[PDB]
Amino acid sequence: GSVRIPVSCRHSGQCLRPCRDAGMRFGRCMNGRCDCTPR
Ligand SMILES: [Cl-]
């Protein structure tokens, strides 16, 4: 998604919890950082 959070990753699975804990959804890893979809 299009919110970029300052959390590092190499796989989208690693972004599931960071995005949830940020109040957002559908964590994905893009260019080694997590992206989230706003509620
Ligand atoms: Cl989610």
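So for the sequence shown, my numbering puts the first residue at 1; every next one is plus one.
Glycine residues also receive a C-beta, built at the ideal position from the N, C-alpha and C atoms.
Cross-strand partners of residue i (DSSP beta bridge)
i: residue 24; result: Answer is none; residue 24 lacks a bridge partner.
i: residue 3; result: 36
i: residue 12; result: The partner list for residue 12 (beta bridge, DSSP) is empty, contrary to what the question assumes.
i: residue 43; result: An answer regarding residue 43 cannot be provided, because it is not within the stretch 1 to 39 covered by the chain.
Buried/exposed call for residue i, threshold 16 Cβ in 10 Å
i: residue 38; result: exposed
i: residue 18; result: buried
i: residue 27; result: buried
i: residue 30; result: exposed
Heavy atom of ligand 1 within 7 Å of residue i beta-carbon
i: residue 28; result: no
i: residue 19; result: yes
i: residue 25; result: yes
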